[PDB]
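Tertiary structure, described
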Amino acid sequence: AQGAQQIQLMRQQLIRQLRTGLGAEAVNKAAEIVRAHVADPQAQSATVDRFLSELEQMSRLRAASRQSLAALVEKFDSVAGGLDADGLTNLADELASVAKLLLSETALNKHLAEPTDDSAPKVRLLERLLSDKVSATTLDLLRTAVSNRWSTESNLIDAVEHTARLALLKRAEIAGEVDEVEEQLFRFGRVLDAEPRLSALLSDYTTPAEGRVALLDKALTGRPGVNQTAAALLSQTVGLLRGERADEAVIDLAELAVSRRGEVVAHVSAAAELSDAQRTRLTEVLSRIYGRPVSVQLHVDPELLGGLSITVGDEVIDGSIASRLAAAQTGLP
Amino acid sequence: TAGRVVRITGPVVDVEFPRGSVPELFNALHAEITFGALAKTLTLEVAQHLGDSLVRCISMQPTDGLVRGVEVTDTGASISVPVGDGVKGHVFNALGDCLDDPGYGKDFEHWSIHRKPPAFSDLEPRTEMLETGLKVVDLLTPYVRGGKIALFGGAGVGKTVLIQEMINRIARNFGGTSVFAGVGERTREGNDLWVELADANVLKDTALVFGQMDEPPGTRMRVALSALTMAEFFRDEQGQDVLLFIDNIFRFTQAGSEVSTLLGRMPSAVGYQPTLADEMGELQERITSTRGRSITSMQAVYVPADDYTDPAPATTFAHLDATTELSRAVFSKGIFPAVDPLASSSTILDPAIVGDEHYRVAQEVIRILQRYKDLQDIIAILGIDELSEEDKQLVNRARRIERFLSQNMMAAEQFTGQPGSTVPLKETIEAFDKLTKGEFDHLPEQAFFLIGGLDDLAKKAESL
Amino acid sequence: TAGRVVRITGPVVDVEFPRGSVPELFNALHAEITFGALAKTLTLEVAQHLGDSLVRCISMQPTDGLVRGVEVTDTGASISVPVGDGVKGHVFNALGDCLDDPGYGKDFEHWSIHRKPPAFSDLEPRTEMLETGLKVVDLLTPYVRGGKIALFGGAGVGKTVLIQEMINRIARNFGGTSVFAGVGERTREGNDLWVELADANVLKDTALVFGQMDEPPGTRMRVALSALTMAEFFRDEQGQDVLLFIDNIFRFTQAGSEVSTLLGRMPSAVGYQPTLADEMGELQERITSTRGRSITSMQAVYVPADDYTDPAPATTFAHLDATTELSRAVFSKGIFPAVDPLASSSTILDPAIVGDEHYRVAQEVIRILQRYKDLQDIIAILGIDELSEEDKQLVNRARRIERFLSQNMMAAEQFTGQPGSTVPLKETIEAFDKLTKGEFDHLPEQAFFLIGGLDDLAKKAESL
Amino acid sequence: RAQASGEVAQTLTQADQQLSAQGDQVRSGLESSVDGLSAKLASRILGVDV
Amino acid sequence: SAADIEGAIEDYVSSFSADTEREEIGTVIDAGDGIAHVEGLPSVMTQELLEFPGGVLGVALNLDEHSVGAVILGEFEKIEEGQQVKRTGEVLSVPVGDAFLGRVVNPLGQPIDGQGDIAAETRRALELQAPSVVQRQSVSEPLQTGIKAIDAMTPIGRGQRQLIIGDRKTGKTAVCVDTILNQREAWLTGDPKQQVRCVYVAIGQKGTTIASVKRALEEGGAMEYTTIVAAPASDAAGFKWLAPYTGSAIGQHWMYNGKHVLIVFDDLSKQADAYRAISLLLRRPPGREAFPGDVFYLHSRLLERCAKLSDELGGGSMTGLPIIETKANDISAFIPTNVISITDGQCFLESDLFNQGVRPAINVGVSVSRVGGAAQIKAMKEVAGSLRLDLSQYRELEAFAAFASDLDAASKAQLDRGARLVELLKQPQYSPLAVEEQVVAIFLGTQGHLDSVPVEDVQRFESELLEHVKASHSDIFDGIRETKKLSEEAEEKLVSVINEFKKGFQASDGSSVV
Amino acid sequence: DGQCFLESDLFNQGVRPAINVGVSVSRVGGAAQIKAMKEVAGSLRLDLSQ
Ligand SMILES: Nc1ncnc2c1ncn2[C@@H]1O[C@H](COP(=O)(O)OP(=O)(O)OP(=O)(O)O)[C@@H](O)[C@H]1O
Ligand SMILES: [Mg+2]
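Residues numbered from 1 in each chain as written, not as in the entry; some residues may be left out. Chains lettered and ligands numbered in written order. Part of a larger assembly, values for the part shown. Heavy atoms only, no water. Residues with missing side-chain atoms left out of burial classes, pairs and counts.

Looking at the method and resolution fields of the entry, one finds cryo-EM and 2.6 Å.

**Things to note about the site of ligand 1**
Ligand 1 sits among 14 residues. The nearest are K169(E), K172(E), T173(E), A174(E) and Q429(E). More than a single chain frames ligand 1: its nearby residues are located in chains C and E. A distance of 3.0 Å separates an oxygen atom of ligand 1 from a polar atom in the backbone of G171(E). Measuring from a nitrogen atom of ligand 1, one finds a backbone N or O atom of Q427(E) at 3.0 Å. Burial of ligand 1 by the surrounding chains reaches 82%, relative to a free accessible area of 630 Å². Residue contributions to the shell around ligand 1 peak at three residues, all from helix α3 (residues 172-182) of chain E. Across the shell around ligand 1, the residue classes tally to four nonpolar, five polar and five charged. (Near = heavy atom within 4 Å. Polar contact = N/O pair within 3.5 Å; in protein donor to acceptor, adjacent residues only side chain to side chain. Areas by Shrake-Rupley, 256 points an atom, 1.4 Å probe, with all protein chains shown as cover. Helix = DSSP H or I, 4+ residues; strand = E, 2+ residues; numbered from the N terminus. Nonpolar A, V, L, I, M, F, W, Y, C, P; charged D, E, K, R; others polar.)

**Quick word on the packing of helix α8 (residues 153-175) of chain A against helix α13 (residues 246-260) of chain A**
All names here are of chain A. The N-to-C vectors of α8 and α13 enclose an angle of 60°; their axes lie 11 Å apart at closest approach. It follows that α8 is oblique to α13 by the angle criterion. For the pair α8 and α13, the crossing hand works out as right-handed. Taking contact as the criterion, the partners of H162, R165, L166 and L169 in α8 are, on α13, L253, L256, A257 and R260. Looking at side-chain class alone, the contact of α8 with α13 contains five nonpolar, one polar and two charged residues. (Axes fitted to C-alpha atoms, helices over the stretch in contact; angles between N-to-C directions. Parallel < 35°, antiparallel > 145°, perpendicular 65-115°, else oblique. Left-handed = near helix turned anticlockwise from the far one by under 90°. Contact = heavy atoms within 4.5 Å.)

**Some points on the nonpolar core**
Ranked by internal contacts, the top residues of the largest apolar core, which has 144 residues, are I180(E), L217(E), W241(E) and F461(E). Looking at this core element by element, the count peaks at 10 residues for helix α6 (residues 237-255) of chain E. In this structure, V144(C), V202(C), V339(C) and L457(C) belong to the second largest nonpolar core, which totals 73 residues. (Core = buried A, V, L, I, M, F, W, Y, C linked by side-chain atoms within 4.5 Å. Buried < 20%, exposed > 50% of the residue type's maximum accessible area, 1.4 Å probe, protein only.)

**Considerations on the sheet that holds strand β14 (residues 226-231) of chain E**
All names here are of chain E. Sheet architecture is open: eight strands sit in the order β8-β14-β13-β15-β16-β12-β17-β18, paired in mixed fashion. This sheet does not close on itself; its edge strands, each paired only once, are β8 (104-105) and β18 (368-369). Pairing analysis gives two bridges linking strand β17 (residues 345-349) to β18, with the strands arranged antiparallel. From the neighbouring strand, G345 faces β18, where its bridge partner is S369. (Pairing = 2+ DSSP bridges.)

**Here's the deal with the sheet that holds strand β15 (residues 242-247) of chain C**
Residues and elements named next belong to chain C. Taken together, the eight strands give an open sheet; going across it, the order is β8-β14-β13-β15-β16-β12-β17-β18, and neighbouring strands pair in mixed fashion. Strands at the two margins of the open sheet, each flanked by one partner only, are β8 (91-93) and β18 (345-346). Most of the contacts of helix α3 (residues 187-199) go to strand β14 (residues 206-211), to which it runs at about 170°, and overall it touches β8, β13 (177-183) and β14.

**A word on the UniProt feature "binding site: ATP" in chain E**
Per the UniProt record, "binding site: ATP" is annotated on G166(E), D167(E), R168(E), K169(E), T170(E), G171(E), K172(E) and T173(E). Among the secondary structure elements, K169(E) is positioned in the loop between β12 (162-166) and α3. For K169(E), a relative accessible area of 38% corresponds to the partly exposed category. If near-sequence neighbours (up to four positions away) are discounted, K169(E) is found in contact with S345(C), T347(C) and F354(E). Checked against the element boundaries, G171(E) lands in the loop between β12 and α3. Residue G171(E) is classed as buried on the basis of its relative accessible area, which comes to 17%. Sequence-distant contacts of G171(E), that is, excluding residues within four places in its chain, are made with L349(E) and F354(E). (UniProt positions renumbered as here; feature names shortened; annotations may be inferred.)

So this is what it looks like as structure tokens:
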């Protein structure tokens, strides 16, 4: 009986392995079929439109630093009501200057960052070393920041630098170039994602900041196509990395830029640069899904076999025909 | 205001609260596991403040299924247990949830399980013997009112029958109650105890508080405190003498060690928590007599590697006033309650706390039993006839003494019907004085089995 | 898109790569040391991905002379070793570079040292006895043809001598292919084995891979895998019965421990790495034999501190069918091969496989030896004269049995001067049945020392 | 037991051969239906007839 | 053969549809030694089952504000920095059903014996609550291990947790395989109240050893009611950690359905070692012997699933037989101490007893079963009542073996009785004895019918006598089995047949036994 | 390649230079001796251990 069961199990093993081979051949043939079918432009557009139709049916700061940064942002919002374009540029430049000072004077940053509840001593050190050298608006925010306690010393810098960015973003708000500055920021982000040697060169903060800024100007922002606000933001960032990635930092800067305006960036990958019709359809469906305006950023990826994939926040909506083919392949019994 | 879980490493859960609302230590916090299969309400006990408004907590329930960022609500008070006459006759877990009747006692008065021991000026300066009524305990190893008794034993040595006997005696003679603190229960053993007590009809006089083994170490560490808090309520509010069983207080020590390891504290000598003595003191010091009422405790103790110098038993025995050791050899001889008169001990068997007559009689009985135990080898190998006449006389007297140390326990009333005997201490003293002097060496040995006092001895002798 | 060395700490080297070119785990990377005295191409093995596009690698050659910032180029595949019939008759290192003929196999087929163990579906137990000719092994620890065999021992108890003797007794007449993996053993004994094999014309059928202890932890980790890859090629791609001698397999786990703390792992008990069991299990499971494809593997295992409770030997025990266990206690008494007859064991020593006669004789020998071990405490103090007559006779039996388990092995000619001997299994069973039954109690015990057979016993008895 | 083991071993090999071939036969019909199965799978993944 | 070779695939292609559901993604930021840290996955839950790109699986085991440290379940080398990790919304679960009988499955429930798939009836999470105090029942039904020593001295009642503890190569796996084999007679009855379904969980054993155990069970007929949850040493530390829970879940599914289960963990020491490895790789604080603080809980949470359920829950039971390897017979080590505390009793196997020929090598006296006589049938309870005292007296008297002339008559009789009882408790491997045969065998010794047989022949005298009784006087066995007690008329018949056999028995020394 | 395990107990007994014959060993052995010494002392260490 054991031998009979052995031959029965051999028969079942043969059946299973033949079925596995048949399934492998079948999906390989289906892969060829889809590769031929996806190559058509009208077919690819129809596939992405079908994907959108399907969709139609659907912060690292700790507590103390988080609250302090929220308070500093509120103070910046209060101050910005009476600021001006030139005043905003001066505020951004002076905030970047104090960020540089804090990075250079580690002891100065550490006492301006101590978690002491007493603010008077701190503010006294502040003005003593910087009161007459900077404007008034700057100090107001630049002190609010010092008064609040921070979880770590570096956070204080991250606070002022954050404001230094907002000062420029508010400037873009003043000029109405939010769309242009965001587009240029994402363009620079994708540019720095490629050629990682340039990203590493910009990343090195051991070298003088002026050299990195000059390199960026010669490479990226020294040409007429760069928007003024985007160029200023990139220069400030390159000046204030402190070991962070350049491409990482610039994409986070773009995320902050969209976030200031209440929108959330959704990175979209497609086989080709879809037309404006399905682009506006995608924006609407994504906003409906997430209940918040979204700014779609496209990335060229012909390997997706004519499908469309979205990633926003920690969530993804994947309909890439390549991923669906992989799921079919791995789903073989 | 409500916290958020920010870390989950096994039983250890870190909760971030708003700056103005960090719970104080040992507060019980509630988190919700919404996963269908494992849906639960975790009770986290705040153990440390880490800073930046974080608090590290030991989860009293398995944290499987817990999600980061889930709301954690602070109850504002430490782990509270229901207290009252209602806890009697019911089984509870370390957190006061009734196991045999869910939702029972949720509307009782609740007491925090973290209570300071009695004020120094409120302690009783004089040790007082607890006349439990058992001949063996009252004579050889007198128990201490408001003291702790180690209960060495195992399976098939009548430990559960002795527990029932002491529950009956505390409930009937002293008008008190019992609380059974099942630290590290085997759920099978806990169920067996529950059914045994229900069948014996002594469940109504005992409140069971089981911290099972399957629960994380937090509950196994806090169950002793919970049961002791019920006992404290009975002592201080109801004004009853209490009998707090703790099977097994080594578990409590080991649960403390595991909690200490989980929180990251460097282990002490043999891997035990650095605060072993302080945890054991905070537990045991609450078991004491105050304002005329006392919590006595029979605490079964496990001795790792049979090493009494180990930190856990060494710390436990700094508080143990008596030591009752049940023996398989004595149990097989028909001598219930199965206490070994020689291995057991007491720290009150001194001429001063007990009467000089008591000490003399007890020492004479111990001498006779020791001489007999020495002669056991000769009897077993060489035979009884190879002894001398003085040795044979002593062997007969020792047989009769050790059989008279047996007693018709109240716990046996459910099996035979014969009411249990409560032999007065004076009667036991004089009876054993007579035995050791040979006044009863002419009665048959079967006359001394399972009988309380000289009246019962005479009646049984006449019945044979 | 080459890497860059960032952090060098002994054998561990951290390499930062561009974001899109972080090598997979166990990949081989090539750095270059340019200092003239130590100039070389340094092979690193990606051991951890550490984030931020950093990887942490275990260097195969010494890192002396390596400079931070030096370019590190990724090979794109794990360390590969040559395989084929070409490897037979040559000496390789962990990296697959031939020593006795540099650049020899550079054009052979190359296999990765890392591969999954054979699937459980393809494993069947092996129950065929391998007659070595050693009395103790053939009687009490019969080896399994196609099974896993180990020679446990302390430091310097004769593991290398015994494994060389087993090469002499199993491989010399073997029709298949042999592989010898010297994993962190002594280079002198490796060269001795090389010349011995060359002189006996076994080298043409043997592939030697050496990672001796002069090498850093990386080679002492990966050399066992490098040799096991050749063994697996011979097992799978050719179907030839394969012998796989390893000396010493403990050095694998010891090298893992050596690099453990530099890789950031928290040490486990006795300072070993947390991954001791899994790391050793992968390697051991690759050594098994699959049905129709036999690997007869013999692994000398080193027991640290002569402590058989150490985690490494204890974990290795589960991976073995036959386990000879050399002990310093037996070695001190002059018994060579120094096997502890009681601690050693074999799974093929069942009455259904070795026969009822062999099993009975082996179990009677073990019984006598265990009784002798129990009596040795008494004899050293109370003297032999105070033992029972039966126990005295048993002691005289056991001394002769212990000395008869000693044997003059061929590989130990330079330990004793006299040539080696081979004892058929039938003669061993007959001789030990006679001993255990008494036919030799009249002969002096020194007649049983280093003789190997009944004829030799008679000759040495006559010479006495 | 030895005779049963030998006969079962012989039966097994006989069966191993028969299976092997039976499988080759079927392998053919397999390659005949592969085209249709692949077309159906491609239509499924694409969400429309291929 | 059939058209299915194509049809099955057709059924897939017609039925397959990869729909577009939203998914939360993490990215692997660290990976090493079997642990992968995954940034992201905000909604991941503790002990969730993450899926990595290459079909690899991991268990979200440490959750921080920065990363999720997940233990990878095999194929760890395929994990890289930057890989996308998708969360399956399910805590660790395993399939369960009657289809697992006769199958070898890895701790995830996937077959590894090479046969077809397993038709799962349901899925059970590995971390479900154990039966509560109110849901249990007193252990009162025997689980005949077939080993005279265990069934007479330390009986195991279904619903119990008995620990086979001892050093290496002492006879533990032999005891548990014998216990599994002994249930074939119960299985062939067809009565679920008698049938015992077995789950042999192999942790850290080599593949060939699991194959050997499977062969021992098949040649013994036990594989038609036994599942082998195998986590061979080749498998990741995660599988060695999960295997007891997998086996416990497969058993629990039967247990809550009225069936009786027998779970063998072999060993739990390797379970503890795998958990220690995972904990240290996740940087959880260490304690004694480097084990994490909750290692006790790891075992307790497991062994407390082994319970006898109340009649309201079907009355099913799961019997635990954890196996622990004690190094140098040190039962005071950490894991041995923990599991001795957890379990209801201990069969202590000693290498000294094994070498003396006392194999199966249970050190009676030190060995204990807290369930006691409640786990024995009345016949064994009455027959084996005096056995423990007799063996204790024999061990006390062993020092006098050389002076039997100088001892009292009673003492010498006790010594002679004890030697024969010791020979009686010996038992060959893979040969469990039915409870009736054990009753008759222990009756031979305790009642003094072996007192005339030479010691060296006791093993034979028993073996032949039963072989006689079974073949010719089965009425005794049938009575003991059907009534569970040794009736007086049956006892007289048994004594008469013993005396008749004595006359025809040839002692190995040539003497006559009457 | 060997040990010369010098023992304090042997040293005090007057066995100087204190070689514990049982534990001590040289695995090069006779190869590191002149033929006369090898022949004269072939089994000397084992004889002394016994
Ligand atoms: N009752 C017995 N009679 C005879 N031999 C036995 C008996 N029990 C076990 N053995 C033998 O003892 C050896 C050890 O058996 P087993 O494999 O069960 O040990 P174990 O305690 O599980 O150890 P390991 O750690 O190697 O798994 C094997 O040779 C087995 O055949
Ligand atoms: Mg085993």
